Amino acid sequence: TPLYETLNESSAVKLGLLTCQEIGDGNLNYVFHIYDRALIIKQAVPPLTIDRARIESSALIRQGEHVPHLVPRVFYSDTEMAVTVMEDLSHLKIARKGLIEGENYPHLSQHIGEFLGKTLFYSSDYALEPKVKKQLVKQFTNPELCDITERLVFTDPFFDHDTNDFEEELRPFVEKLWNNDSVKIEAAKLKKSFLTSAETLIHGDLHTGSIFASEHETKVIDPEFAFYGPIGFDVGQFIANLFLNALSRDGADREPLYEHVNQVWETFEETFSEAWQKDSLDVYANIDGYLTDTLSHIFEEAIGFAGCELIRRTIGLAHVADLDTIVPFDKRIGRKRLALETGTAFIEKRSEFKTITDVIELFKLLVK
Amino acid sequence: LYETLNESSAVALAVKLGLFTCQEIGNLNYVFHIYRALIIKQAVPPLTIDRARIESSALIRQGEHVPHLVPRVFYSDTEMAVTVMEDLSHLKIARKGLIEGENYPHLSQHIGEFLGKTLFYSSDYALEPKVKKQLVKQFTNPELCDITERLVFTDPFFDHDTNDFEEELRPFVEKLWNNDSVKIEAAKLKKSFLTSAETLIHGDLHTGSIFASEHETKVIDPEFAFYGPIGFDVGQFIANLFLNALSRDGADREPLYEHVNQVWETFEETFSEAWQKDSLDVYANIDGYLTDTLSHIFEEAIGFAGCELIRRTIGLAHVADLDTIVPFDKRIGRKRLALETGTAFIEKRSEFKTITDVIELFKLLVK
Ligand SMILES: Nc1ncnc2c1ncn2[C@@H]1O[C@H](COP(=O)(O)OP(=O)(O)O)[C@@H](O)[C@H]1O
Ligand SMILES: Nc1ncnc2c1ncn2[C@@H]1O[C@H](COP(=O)(O)OP(=O)(O)O)[C@@H](O)[C@H]1O
Ligand SMILES: [Mg+2]
Ligand SMILES: [Mg+2]
Ligand SMILES: [Mg+2]
Ligand SMILES: [Mg+2]
């Protein structure tokens with residue numbers, strides 16, 4: 001008989017680990033805080049299969065094997081119940097919220113860069129026997145959550161589709177995008193890579209709202225969207241959300257975010273490189289120029305994906321607080337115009353950039 | 001459940017199934033011909049017998065789109081590792097025919113159509129991505145992919161135990177081993193083989209996986225099928241046309257060069273028609289998108305062709321086209337050319353503009 005039952009505060013409060021409050025922001029997932037000493041119980045609500053909870057638990061445990069300091073500990077998980085029992089991180093702040101409040105989080109980019117480099121390297125064919133990796137591909141296939149992304153980041157913003165949500169003051173600029181054949185061709189190629197390039201186990205939703213942060217600590221959460229896809233993807237989505245915060249700031253306040261974009265690519269590239277040297281199984285790994293060309297391709301896709309995330313967050317179904325809370329209204333429109341414009345340039349020009357500072361310097365010029 | 005068959009128990013299965021003397025005409029796979037006639041193929045246990053599930057499933061899928069270009073499957077069973085199929089012994093394996101000097105005028109149109117349709121119709125272009133992600137699971141082929149990952153993409157390029165080549169070839173083989181830039185390129189193509197889950201491929205589409213006569217073509221043995229790069233079956237087939245060209249002299253080569261041009265042309269035209277007609281992709285009709293898609297397939301196809309050319313010359317698994325060339329010295333010379341053309345194909349793959357450029361490069365090198 002079926003064993004799933006949607007939890008409540010009492011039901012959540014037998015595993016051998018006095019008061020409980022549901023603190024979930026969304027509505028697809030319940031998050032139960034139990035308090036001593038504290039604990040979190042996350043549970044999927046059923047339209048999206050509850051299978052996502054199996055993916056999420058498994059992804060967190062996997063990430064913990066390589067970067068246990070950058071992810072919450074998982075004490076228990078259950079597939080039928082769609083439950084993940086994990087470490088309480090309420091003493092930290094969601095990074096998107098903190099950044100909007102003016103926190104700079106000096107280590108954010110070192111920490112995320114390390115997370116990206118290790119997670120993305122160690123689940124790849126570089127690191128794993130291909131026969132092992134092919135099994136992990138099966139275990140982490142995520143059709144419904146991939147469908148969300150395939151539509152929202154890669155498809156809907158580029159056409160007059162019903163999921164989009166944007167001010168009419170933006171219509172002229174949005175229609176300029178829709179009519180742009182060559183940027184759309186490129187977004188199709190990026191989407192095709194998303195659909196087909198089973199390179200590693202990615203997080204699949206690594207924006208600033210999926211990170212807990214304080215001055216000295218960083219933790220990545222909510223790998224619901226995990227599956228075998230392109231290595232550049234998590235890197236692009238994260239970098240884009242740094243740029244999205246930049247656009248919500250003015251003048252010299254932007255500098256910390258530009259430094260984070262630079263630092264996260266750099267740390268990613270070092271971390272991925274050191275893991276490659278020390279732990280690759282490939283006979284081809286140590287041939288001069290092979291790692292270099294591999295990183296150049298990741299870099300290029302990462303910038304393309306960033307462009308998609310920049311556009312998608314601005315005019316698509318799922319927005320970001322960074323742009324939506326900008327005041328006054330006319331400034332909001334202007335900054336949302338620029339996210340559209342930079343995202344487009346990112347997509348079009350992705351293979352012309354040589355370094356991360358090329359990308360930052362282009363961005364800075366477009367947002368002057 | 002599983003029991004390896006013999007000629008007698010193979011006859012018993014045929015009658016038990018309600019269909020219709022027996023000889024095993026196949027070291028890993030038995031093929032039982034039963035005479036109205038019928039074929040019963042069975043996997044033997046080191047390599048998983050799960051390959052027989054993949055082969056039967058692949059043949060049935062291919063039959064949905066090109067039923068005239070694959071044998072009919074009357075019955076299959078996973079636990080017995082059995083595929084019961086149409087008898088094609090009135091046809092000749094294409095490799096054998098081509099070596100005897102048969103030219104098979106329609107071979108390239110038939111395979112071009114096979115390629116275009118099979119490769120389009122199991123892709124994200126043709127299928128709901130949710131459906132396609134299920135087929136990826138179903139066709140995951142770790143052991144047979146491992147053979148390819150090692151034999152076509154890795155061992156030939158290093159001093160590995162599986163390679164098998166004449167000592168007279170050593171200088172040219174060592175030239176390849178010491179070539180960093182071709183090997184970087186071979187790595188990229190391998191990485192694509194390992195990661196690019198674009199469509200359901202045959203995975204072993206050489207001239208010995210084809211039955212042929214003047215008027216008929218049938219593709220067989222899709223044991224190696226899995227979700228991989230679209231360019232792969234195209235490259236491996238083109239390379240085996242070039243391998244036969246090298247076993248011929250002078251003007252007798254021209255039919256093979258025509259086959260290479262024709263198979264790309266037919267492939268490109270079939271894939272294009274299927275794209276216009278049957279794509280699910282909102283991006284499908286934007287001018288330049290199909291064109292750029294084909295350019296990438298072309299480039300990979302040519303790279304994979306170079307790997308197959310090298311691999312068949314000096315790796316574990318050879319081709320009769322090269323190994324039966326006489327005299328010995330001529331053999332060494334032509335095997336040197338396969339190595340050098342395969343190398344050129346890998347390194348120049350993104351410089352070619354059309355199939356004619358590929359052929360004209362090849363013809364120049366083998367003058
Ligand atoms: N481990 C945790 N510790 C403390 N709070 C958490 C924890 N996990 C989630 N939360 C709270 O619940 C919110 C929703 O978490 P998240 O995993 O992103 O759910 P969803 O998938 O619904 O977005 C977070 O923004 C955070 O405020
Ligand atoms: N459908 C068939 N009709 C007639 N002969 C066949 C048929 N299938 C296979 N054979 C014979 O058996 C041989 C091996 O078949 P194949 O499917 O290539 O097995 P393997 O996977 O061992 O290469 C073929 O070359 C052919 O001579
Ligand atoms: Mg979240
Ligand atoms: Mg989530
Ligand atoms: Mg065979
Ligand atoms: Mg076979």
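Chain identifiers are assigned alphabetically (A, B, ...) following the order of the sequence lines, protein sequences preceding nucleic acid strands; residue numbering begins at 1 within each chain. All values below come from the heavy atoms of this structure, side chains included, with hydrogens, waters and symmetry mates left out.
- Here the two rings, on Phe233(A) and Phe225(A), have centers that are 6.0 Å apart or farther.
- Legend: residues meeting ring pair (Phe, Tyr, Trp, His ring centres under 6.0 Å) with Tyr126(A), ordered by chain and number and at least two apart, are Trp276(A).
- A donor and an acceptor atom, one from each side chain of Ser181(B) and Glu347(B), are located under 3.5 Å apart.
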Yes or no on salt bridge (charged side-chain N to carboxylate O under 4.0 Å, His left out) for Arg96(A) and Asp322(A), after CA distance, side-chain angles and deciding distance?
CA-CA 8 Å; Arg96(A) 191 189 299 289; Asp322(A) 305 61; 2.9 Å; yes
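- If you take CD1 on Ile221(A) and CD on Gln63(A), they are separated by 11.5 Å, rounding to the nearest 0.5 Å.
- Of the possible donor and acceptor atoms, one in the side chain of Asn179(B) sits under 3.5 Å from a partner among the backbone N and O of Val182(B).
- Under the side-chain contact (heavy atoms from CB on, under 4.5 Å) criterion, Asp358(A) pairs with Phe353(A), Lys354(A), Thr355(A), sequence neighbours left out.
- In terms of modelled atom types and a separation under 3.5 Å, the side chain of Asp234(A) and the main chain of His203(A) share a donor-acceptor contact.
- The CD atom of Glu300(A) sits 10.0 Å away from the CD1 atom of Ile303(A) when rounded to the nearest 0.5 Å.
- More than 12 heavy atoms of other residues, nucleotides or ligands lie within 6.0 Å of CD in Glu175(A), so this atom counts as buried by the packing criterion.
- In this structure, the side chain of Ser248(A) engages the main chain of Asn245(A) through a donor-acceptor pair within 3.5 Å.
- Atom CG of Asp250(A) has more than 12 neighbouring heavy atoms from other residues, nucleotides or ligands inside a 6.0 Å radius.
- Nearest approach of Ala127(A) to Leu281(A), heavy atoms of both residues: O-CD1, 3.1 Å.
- Residues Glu101(A) and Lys97(A) are paired through a salt bridge, judged by an N-O separation under 4.0 Å between the basic side chain and the carboxylate.
- Every residue two or more places apart in sequence or in another chain that forms a side-chain contact (heavy atoms from CB on, under 4.5 Å) with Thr199(B) is listed here: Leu119(B), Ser122(B), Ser123(B), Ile201(B), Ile230(B).
- Taking the six-membered ring for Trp and the full ring otherwise, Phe154(A) and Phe305(A) have centroids separated by under 6.0 Å.
- Residues that satisfy the side-chain contact (heavy atoms from CB on, under 4.5 Å) test with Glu65(A), not counting sequence neighbours, are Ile61(A).
- Side-chain N or O atoms of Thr140(B) include one that pairs as donor or acceptor with a backbone N or O of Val136(B) at under 3.5 Å.
- Here NZ of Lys336(A) is found 11.5 Å from CG of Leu247(A). Values are rounded to the nearest 0.5 Å.
- Evaluation of the salt bridge (charged side-chain N to carboxylate O under 4.0 Å, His left out) rule for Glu301(A) yields no partner, not counting sequence neighbours.
- Between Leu60(A) and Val220(A) the shortest heavy-atom distance is CD2-O, 4.3 Å.
- Side-chain atoms of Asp165(A) never come within 3.5 Å of backbone atoms of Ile315(A) as a donor-acceptor pair (strictly under, hydrogens ignored).
- Minimum interatomic distance between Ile347(A) and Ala187(A) (heavy atoms only, all atoms of both residues): CG2-N, 4.1 Å.
- Separation of the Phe227(A) and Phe140(A) ring centroids does not fall under the 6.0 Å cut-off.
- Between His161(A) and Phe159(A), the angle of the ring planes stays under 30°, which puts this pair in the parallel group of the 30/60° scheme.
- Expressed to the nearest 0.5 Å, how far NZ of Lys183(B) lies from CZ of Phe157(B) amounts to 8.5 Å.
- For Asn104(A), the side chain to side chain donor-acceptor pair (under 3.5 Å) partners at least two apart in sequence or on another chain are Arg249(A).
- No side-chain donor-acceptor contact under 3.5 Å links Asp205(A) to the backbone of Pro223(A).
- Atom CD1 of residue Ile298(A) and atom CG of residue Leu116(A) lie 10.5 Å apart, to the nearest 0.5 angstrom.
- Residues satisfying the ring pair (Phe, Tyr, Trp, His ring centres under 6.0 Å) criterion with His207(A), sequence neighbours excluded, are absent altogether.
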Only pairs under 3.5 Å count here: list side-chain donor-acceptor contacts from residues 142-150 of chain A, not counting sequence neighbours, and write none if there are none.
{"unit_1": "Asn142(A)", "atom_1": "ND2", "unit_2": "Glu224(A)", "atom_2": "O", "d": "2.9"}
{"unit_1": "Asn142(A)", "atom_1": "ND2", "unit_2": "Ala226(A)", "atom_2": "O", "d": "2.9"}
{"unit_1": "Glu144(A)", "atom_1": "OE1", "unit_2": "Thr49(A)", "atom_2": "N", "d": "2.8"}
{"unit_1": "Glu144(A)", "atom_1": "OE1", "unit_2": "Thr49(A)", "atom_2": "OG1", "d": "3.3"}
{"unit_1": "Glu144(A)", "atom_1": "OE2", "unit_2": "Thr49(A)", "atom_2": "OG1", "d": "2.8"}
{"unit_1": "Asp147(A)", "atom_1": "OD1", "unit_2": "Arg151(A)", "atom_2": "NE", "d": "3.1"}
{"unit_1": "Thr149(A)", "atom_1": "OG1", "unit_2": "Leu145(A)", "atom_2": "O", "d": "3.3"}
{"unit_1": "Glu150(A)", "atom_1": "OE2", "unit_2": "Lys133(B)", "atom_2": "NZ", "d": "2.7"}

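- With sequence neighbours left out, the side chain to side chain donor-acceptor pair (under 3.5 Å) criterion links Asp160(A) to no other residue.
- Taking every heavy atom of both residues into account, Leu200(B) and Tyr227(B) meet most closely at N-CE2, 3.5 Å.
- Side chain of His111(A) to main chain of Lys219(A): no donor-acceptor pair is present (N/O by atom type, distance under 3.5 Å, no hydrogens or angles).
- Between the side chain of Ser210(A) and the backbone N or O of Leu206(A) there is no donor-acceptor pair closer than 3.5 Å.
- Contacts of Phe345(B) classified as ring pair (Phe, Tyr, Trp, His ring centres under 6.0 Å), with partners at least two apart in sequence or in another chain: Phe242(B).
- In plain terms, the two heavy atoms of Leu108(A) and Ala213(A) that are nearest each other are CD1-CB, 4.5 Å.
- Taking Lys130(B) as the reference, nothing meets the side chain to side chain donor-acceptor pair (under 3.5 Å) condition, with sequence neighbours excluded.
- Considering only residues two or more places apart in sequence or on other chains, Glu103(A) meets the side-chain contact (heavy atoms from CB on, under 4.5 Å) condition with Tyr105(A).
- Residues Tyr284(A) and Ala187(B) come closest through the heavy atom pair CG-CB, 3.6 Å.
- Using modelled atom types and a 3.5 Å distance limit, the side chains of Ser193(A) and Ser197(A) yield a donor-acceptor pair.
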Derivation and outcome, salt bridge (charged side-chain N to carboxylate O under 4.0 Å, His left out), residues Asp125(A) and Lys191(B)
CA-CA 8 Å; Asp125(A) 291 282; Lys191(B) 183 274 300 193; over 6 Å; no
For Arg312(A) and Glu309(A): C-alpha separation, side-chain torsions, deciding distance, then whether salt bridge (charged side-chain N to carboxylate O under 4.0 Å, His left out) applies.
CA-CA 5 Å; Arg312(A) 161 252 170 160; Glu309(A) 176 80 350; 3.0 Å; yes
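- Once rounded to the nearest 0.5 Å, the distance linking SG of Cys308(A) with CD of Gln237(A) reads 9.5 Å.
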Kindly determine whether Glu129(A) and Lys133(A) satisfy salt bridge (charged side-chain N to carboxylate O under 4.0 Å, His left out), including the steps that lead there.
CA-CA 6 Å; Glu129(A) 294 157 288; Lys133(A) 190 267 204 156; over 6 Å; no
